[PDB]
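Working notes, structure below.
Ideal geometry is used to build each Cβ from the backbone, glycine not excepted, and the neighbour counts take in all protein chains shown. Every number in this text was worked out from the coordinates using simple rules, so none of it is lab data.
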Amino acid sequence: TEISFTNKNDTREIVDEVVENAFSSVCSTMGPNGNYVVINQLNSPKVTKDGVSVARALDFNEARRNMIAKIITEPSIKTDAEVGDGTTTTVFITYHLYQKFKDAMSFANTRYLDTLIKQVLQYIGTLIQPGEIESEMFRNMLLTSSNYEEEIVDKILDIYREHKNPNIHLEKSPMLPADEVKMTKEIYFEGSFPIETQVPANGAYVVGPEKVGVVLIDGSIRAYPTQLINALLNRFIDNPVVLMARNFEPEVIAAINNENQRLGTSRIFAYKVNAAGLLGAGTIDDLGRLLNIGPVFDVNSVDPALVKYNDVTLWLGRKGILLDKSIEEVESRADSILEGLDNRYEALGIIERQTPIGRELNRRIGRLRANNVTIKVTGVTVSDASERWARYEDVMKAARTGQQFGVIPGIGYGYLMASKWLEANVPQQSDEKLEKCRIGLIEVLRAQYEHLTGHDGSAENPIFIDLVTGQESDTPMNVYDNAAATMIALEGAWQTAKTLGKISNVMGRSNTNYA
Amino acid sequence: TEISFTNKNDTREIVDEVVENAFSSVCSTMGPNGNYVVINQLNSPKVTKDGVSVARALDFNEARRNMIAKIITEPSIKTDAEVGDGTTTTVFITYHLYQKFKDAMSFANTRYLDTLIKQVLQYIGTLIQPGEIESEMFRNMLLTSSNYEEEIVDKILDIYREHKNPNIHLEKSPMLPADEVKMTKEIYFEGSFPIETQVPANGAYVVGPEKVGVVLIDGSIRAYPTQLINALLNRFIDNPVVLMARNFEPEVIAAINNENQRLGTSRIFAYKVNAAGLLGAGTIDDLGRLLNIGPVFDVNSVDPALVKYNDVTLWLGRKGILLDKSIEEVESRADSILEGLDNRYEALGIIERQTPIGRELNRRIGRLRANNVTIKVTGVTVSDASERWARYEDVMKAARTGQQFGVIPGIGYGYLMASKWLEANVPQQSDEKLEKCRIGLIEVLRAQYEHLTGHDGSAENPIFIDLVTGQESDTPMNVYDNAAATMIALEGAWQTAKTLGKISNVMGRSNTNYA
Amino acid sequence: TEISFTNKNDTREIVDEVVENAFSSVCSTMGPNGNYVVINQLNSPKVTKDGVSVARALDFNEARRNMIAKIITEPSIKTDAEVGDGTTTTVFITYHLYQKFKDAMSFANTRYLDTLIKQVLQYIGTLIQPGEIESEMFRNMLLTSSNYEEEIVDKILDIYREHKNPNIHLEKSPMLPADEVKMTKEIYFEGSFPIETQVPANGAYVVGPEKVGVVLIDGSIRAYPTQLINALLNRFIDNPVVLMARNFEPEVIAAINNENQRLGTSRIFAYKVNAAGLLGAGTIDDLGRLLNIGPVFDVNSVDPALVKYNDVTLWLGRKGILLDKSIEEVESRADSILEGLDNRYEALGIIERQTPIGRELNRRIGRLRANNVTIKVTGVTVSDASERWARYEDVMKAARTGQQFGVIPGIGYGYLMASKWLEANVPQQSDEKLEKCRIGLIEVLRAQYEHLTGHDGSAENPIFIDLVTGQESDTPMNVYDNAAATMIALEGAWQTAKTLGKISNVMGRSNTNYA
């Protein structure tokens, strides 16, 4: 009476049974007719539209089926961690791609389930209209709110109606007043203590003096920098010689004793710059001599720790420069704006498709060009402070989509036009009948539109393709237009449902060990 | 144990066996022929009638049915927490609104139905009798007791004759002579002890107000002040240092009972205030600048007891303060009521309609005015004393609601002026077949009068003028007039039973987890 | 608890349902149509491929099937505990050799079968193409990642270019540029504390190596060495006295913490070296007589620390000793590897065949040589860093089995040169009908080639030259070449699955006791 094998047709019909009451439990809440869910709690029951929480609480008892449902609810919440909404599109279209019950073999019907999905996503990336402005965010807030609290809508429209994409903070407020939207002058990215004797202060990590000798190195200085016998002697008794690096902190972190315990009364520093990117030669350039903090150091182990050229006290600039838990500069003169314009034209370049890989100086552009927005909410009670906090943090991610990525026209419109592309791009009977079957089944991208707008009428999947859906058209019996869900959900959540339409059928057992 | 997935028809028939037998619970207990309900205790039974103590106790054993009956009954006890009655009308007419169950496809006739019900409530707020004077209130007291005792009848009218809107209280005493009218100035608001060392008393907790130096935190104390000892030491025997705090005390109290109970041991108070409202900042202000608490402190926790703003100690006015389980006053003389309650009396211009914005607000702000009459019941036996005890308890609630919420012609006269108003209808005659069927079933607005007389009979729709509105009032089959219900019941019951007929058929499933 | 003498057909049907479902467990994870297995934990699931971690977790509920399937899976984890790959061929061709199951009367046709399979093993070991240069090892690395990154193909082969069999070690970092080639001389072996009082340090346990006087009672000592105090007193501050033994220490730690931690309290070490091997006496010898540990001492307790053989303290050569959780050294300069390891290097003339007795031996004895390469893998995020982490871990193992154990052309090419060698057979046409049926079913170890590529096709013994060796390689119907399984899979797995298809069919009952 315990856990076991299941093999095999006792686990066809135990994963044809959890991609049934997860499909018909989150294709409930799709649409305008949003059929609710009563999620049990420890407390009184929760009542939801929200597909995130339907995904979280898909909790059976028989540990075979809970063990299975943990690998279907995983991309449904991964899309939530990315954008926040699109959960009920992942866990929808992972069932309408689970008509690969039988066709799990490699060659024909995953080469035309890899290349075919590549060509469809190429065409969808062509289809993306730039959803950026606040009359388009006006169209966004029509649906991205899930009609709960329009005060948070007013907040986020005040956010991206005001200055362009600053550091949008994360801060609760379970006290009653003060929806707070404030701006500072603050640039903030990573550099902290290896040892507490390396930062100028240790209470609040403020710099001691202004205009200090602060030398900058970007990459790995692999000279094992205990060599500080003349490079440190340039400012031997003078000032905290603040040296920056990458996360290259080898065993020389114990060899900091060559100044800490040994000779050298200065206050040497050696810790990191930003995380893994191609962005090393600019991530020191925006810091240094372009805005007068330090040298624009070429990404190298050059200028070893023996001797520098010379470090002087006056090596900073007349602005707010303090190494903190993550370093602070205030009153940036021009090069923040210069790299902001650079990555602004770069974010004019690719954003039609918006491949993030190759772009993401724009992670710090916004932390660097614009300063900051510190925020607080109006939590009337700690519980719904947490609730509208959760939705508050959700909708600013949709604001991130509407600023960094764009907003495609409508929900099924990106599939009733990306199924035109299965007649435009190669619709032939290719070299396998499985391949012709598989273009006939990627013609069932139409089902999202179909099941969505045919809840209330009508589910006319061949008729609405060519001319009725266009543009912004998931045609109701209201206006036929002016409805658009976002971009990264409709595309990235589609791809991470291809991975579970490819896995949760190619599964065939369920075993037990404990590591 | 197996709390699981129900799917889905086993959530049609987990809610059609909650709403239907919840309906045959408290559809009989209305009207004249009130068939009782035997609530168990964990001891011997308690036999009762009204849907208050039945809807407390609609307790199936199962964790699915308890989950479903936690949403049909949360309006049933929030309704009489709001006023005192309207529960059984709520959870009756939720079943007669849950023949919308069959029309689960609803979004076409939910924009229609919910705006229609707004117009119906507008017509109910056209059918008003603002009964505030004792003209027909004499008939109400005459009818609620069959003129049981002219003391019990006319004594509360004599209280309303001179003193406005009192807090009425009653006691027992085995004695014959006249009842103890006690117009004594005390106003109820909240405050008690964190630790017994905080209060100057321990029997009745009564503070001893002299040179009372109060520092005010009106807001949610969220800045976590452990530094509340410096002005305490600066003000050790110079004043009884009173910090006012919110009911949200954080766990800094674990860092206060070891700090301020110790050295630095002045007469320190730091505990709760009432709930989050305008008199949350008002009960600390009317006794504040006027009668020695202090000026307006914002809803915040800023500037702790390092040092006070002002050392306001000797503002001891024509007042009395006594800390208690809930701190109250004795004989205040300042313009505590003239500050804000006149604004609430002109906000009682809404009492024509008496919109829900206000039904909490002006009862909370306005009914904390003045003298509160506390009497003792008499009676030459114990049994008749208990009878007039319970009957005076009955009559004071209807008197409070008549002062507070109006007195409408009830039984179905509200609903069957409404259904006549929807015969010569809201002038959009429904062309939509969904909306035509739905206006045919909002002609089952009649069912409350229909079932209320159909305990004996009979209400049919051409039998309006005969039995419903013959004779032109609330018509029991003796005298055909002289009955009245409270107006807020057949307003708010109709509202929240629409928001329980909108749920419970747009409900589809039932999961489990503990968050 | 009712496991006792099953009889007997209820122990033919306890292995007919163990080899069958352990066969459909891991004959699904083979080939191109890689049909995963969800291994549970007692936690959340893991979804895997490799028969390593399916054969770990084949765990029936019953105590009979678990008992039986601990002998079909125990050589399946031995086979890859020797190397890393070869599980599925073990626990696959043991099922295909379970057609002998009906010749349980065997001693006529199992004398013959090990004269046949010995000749097959000879013929498989005949046709090996051991890649050691990077001509077709370029094809191996080019094919094992679909040429993912040519830096990954070039970099692992460039580490193998100069240094003989280095320890490939790889890390993650948030830095992108050129990776960390570290040919660093350290020699790993095991050694830790029996009690914390034995180690001179406590943070990193590092010894303080000077005048290092080590005595060796090196073997599996049962003699309970509590007698270790007299030469300890003779060598109290004269040296850091170290005892070194095998893994077999007795429980004399009670006679250590109370005697040698106590009076007679020199810097005493007494703990293990690695498992049962000649370099268990060898890394203590070449770092001994050459680099200050001591001479060889075989398993005895003669000369304990009553009095030593030799007092060898100041023989500190060009090295660094460091005790740790496992004691190592850094940067030897004496020709300690030339003392004994060069003998096994000239005994690596076997590596043409590289017999299994030898695949344990000469790899266990000789691969403690020199540099261990410690690099880091990069990525433009952390996600792709983990991706090419996993793929880099996939490339180092295939290059390891290229360099270490030789390479044979894989998929079905090995066993269908074997079936060629058994059609032009051991030229006895078996006049014994038992042995004629036996070669008639050992020519049906064409079945691996069939149940791998007959998913697509095609396997018939007259259709050797057409599709099996057309085109002349590993021939699936994509490219007809460019694949290579490791040698040790299709030779050592073939061996131990013959000796599990000689067990499990000469099985006749299934008892129980407790010892």
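Every condition in (1) of a type outside the set (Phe, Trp, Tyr); (2) touching a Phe, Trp or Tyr at 6+ places or on another chain (Cβ under 6 Å); (3) farther than 27 Å from B:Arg369 by Cα holds for B:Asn230 except the one numbered (2).
In the set (1) part of a loop (DSSP other than H, G, I, E, B); (2) closer than 24 Å to A:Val37 by Cβ, the condition left unmet by B:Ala69 is number (1). Among the residues of segment A:187-213, those identified as under 32 Å from the mean Cα position of the chain (by Cα) and aliphatic (A, V, I, L, M) are A:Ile187, A:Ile195, A:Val199, A:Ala204, A:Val206. For A:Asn234, are the conditions met, namely being of a type outside the set (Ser, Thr, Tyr), touching a residue at least 12 places away in the same chain (Cβ under 8 Å) and farther than 15 Å from A:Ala305 by Cα? The answer is no for A:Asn234. Within 14 Å of chain A (Cβ to nearest Cβ), at negative phi and either under 37 Å from the mean Cα position of the chain (by Cα) or of a type in the set (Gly, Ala, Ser) (or both): is that true of B:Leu278 in this structure? So B:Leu278 passes the test.
Restricting C:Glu136, C:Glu149, C:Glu171 to those that are of a type in the set (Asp, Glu) and under 30 Å from C:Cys27 (Cα atoms) reduces the list to C:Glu136. Filtering segment B:432-445 to residues that are outside any helix (DSSP H, G or I) and of a type in the set (D, E, K, R) leaves only B:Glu432. Screening A:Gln429 on (1) within 14 Å of another protein chain (Cβ to nearest Cβ); (2) touching a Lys or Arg at 6+ places or on another chain (Cβ under 8 Å); (3) outside any helix (DSSP H, G or I) shows it passes everything except condition (1). Looking at A:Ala81, A:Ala108, just one residue is surrounded by fewer than 20 Cβ atoms within 10 Å (Cβ to Cβ), farther than 17 Å from A:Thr499 by Cβ and of a type in the set (A, V, I, L, M), and that residue is A:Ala108. Any chance segment C:145-154 includes a residue that's within 22 Å of C:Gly414 (Cβ to Cβ) and surrounded by 17 or more Cβ atoms within 10 Å (Cβ to Cβ)? For segment C:145-154, residues within 22 Å of C:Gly414 (Cβ to Cβ) and surrounded by 17 or more Cβ atoms within 10 Å (Cβ to Cβ): absent. Taken over segment C:177-197, residues that are away from chain A (no Cβ under 14 Å) and either part of a helix (DSSP H, G or I) or not aliphatic (A, V, I, L, M) (or both) amount to 10. Looking only at segment C:464-498, residues that are surrounded by 14 or more Cβ atoms within 10 Å (Cβ to Cβ), among the β-branched types (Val, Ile, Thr) and more than 26 Å from C:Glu132 (Cα to Cα) come to 2 in all. Selection of segment B:459-480 for residues being among the charged types (D, E, K, R) and more than 29 Å from the chain's Cα centre (by Cα) yields B:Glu460, B:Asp466, B:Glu472.
Of all residues assigned to segment C:394-407, at least one qualifies as being in contact (Cβ under 8 Å) with a residue 40 or more places away in the chain, among the basic types (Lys, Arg) and part of a helix (DSSP H, G or I).
Only a single item in (1) more than 10 Å from chain B (Cβ to nearest Cβ); (2) closer than 30 Å to C:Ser28 by Cα is not met by A:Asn61, and it is number (1). For segment A:34-51, a residue qualifies if it is more than 7 Å from chain B (Cβ to nearest Cβ) and buried (at least 22 other Cβ atoms within 10 Å of the Cβ), and the qualifying residues are A:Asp50, A:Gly51.
Among the residues of segment C:132-176, the ones that are on the phi < 0 side of the Ramachandran plot, without any contact (Cβ under 8 Å) to a residue 24 or more places away in the chain and either touching a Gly at 6+ places or on another chain (Cβ under 7 Å) or assigned to a loop (DSSP other than H, G, I, E, B) (or both) come to 2 in all.
Please find, within segment A:233-270, the residue that is surrounded by the fewest Cβ atoms within 10 Å (Cβ to Cβ) out of those that are within 11 Å of A:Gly219 (Cα to Cα) and within 13 Å of chain C (Cβ to nearest Cβ).
By that ranking, first place goes to A:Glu249.
Within segment B:9-18, being surrounded by fewer than 18 Cβ atoms within 10 Å (Cβ to Cβ) and either within 14 Å of chain A (Cβ to nearest Cβ) or without any contact (Cβ under 8 Å) to a residue 60 or more places away in the chain (or both) holds for B:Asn9, B:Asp10, B:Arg12, B:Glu13, B:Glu17.
Scanning segment A:498-511 turns up no residue that is away from chain C (no Cβ under 14 Å) and among the aliphatic types (A, V, I, L, M). Answer with yes or no whether B:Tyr415 is of a type in the set (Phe, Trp, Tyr) and more than 27 Å from B:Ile350 (Cβ to Cβ). Taking the combined requirement at face value, the residue does not satisfy it. Taking A:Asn461, is it within 14 Å of another protein chain (Cβ to nearest Cβ) and touching a helix residue (DSSP H, G or I) at 6+ places or on another chain (Cβ under 8 Å)? Against the criterion (within 14 Å of another protein chain (Cβ to nearest Cβ) and touching a helix residue (DSSP H, G or I) at 6+ places or on another chain (Cβ under 8 Å)), A:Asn461 does not qualify. Residue under question is B:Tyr392, and the condition is that it be within 21 Å of the chain's Cα centre (by Cα) and buried (at least 18 other Cβ atoms within 10 Å of the Cβ); does it hold? Answer is yes for this residue.
Can you confirm whether A:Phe60 is free of Cβ contacts under 8 Å to residues at least 40 places away in the same chain and among the hydrophobic types (A, V, I, L, M, F, W, C)?
Working: free of Cβ contacts under 8 Å to residues at least 40 places away in the same chain: no; among the hydrophobic types (A, V, I, L, M, F, W, C): yes.
For A:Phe60, the condition - free of Cβ contacts under 8 Å to residues at least 40 places away in the same chain and among the hydrophobic types (A, V, I, L, M, F, W, C) - is not met.
Among the residues of segment A:334-356, none qualifies, meaning not one is within 13 Å of A:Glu186 (Cα to Cα) and in a loop (DSSP other than H, G, I, E, B). Residue check: is B:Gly282 surrounded by fewer than 17 Cβ atoms within 10 Å (Cβ to Cβ), of a type outside the set (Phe, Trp, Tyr) and either in contact with a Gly (Cβ under 7 Å, 6 or more places away or on another chain) or more than 24 Å from B:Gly340 (Cα to Cα) (or both)? When the stated conditions are applied, B:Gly282 does not pass them. So, in segment A:19-33, exactly how many residues are at the interface with chain B (Cβ under 7 Å from one of its Cβ atoms) and under 19 Å from B:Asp103 (Cα atoms)? Counting residues in segment A:19-33 that are at the interface with chain B (Cβ under 7 Å from one of its Cβ atoms) and under 19 Å from B:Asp103 (Cα atoms) gives 3.
Evaluating A:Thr6 against the criteria (1) within 27 Å of the chain's Cα centre (by Cα); (2) in contact (Cβ under 8 Å) with a residue 12 or more places away in the chain; (3) facing another protein chain (nearest Cβ under 10 Å); (4) farther than 30 Å from A:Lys436 by Cα leaves one unmet condition, (1).
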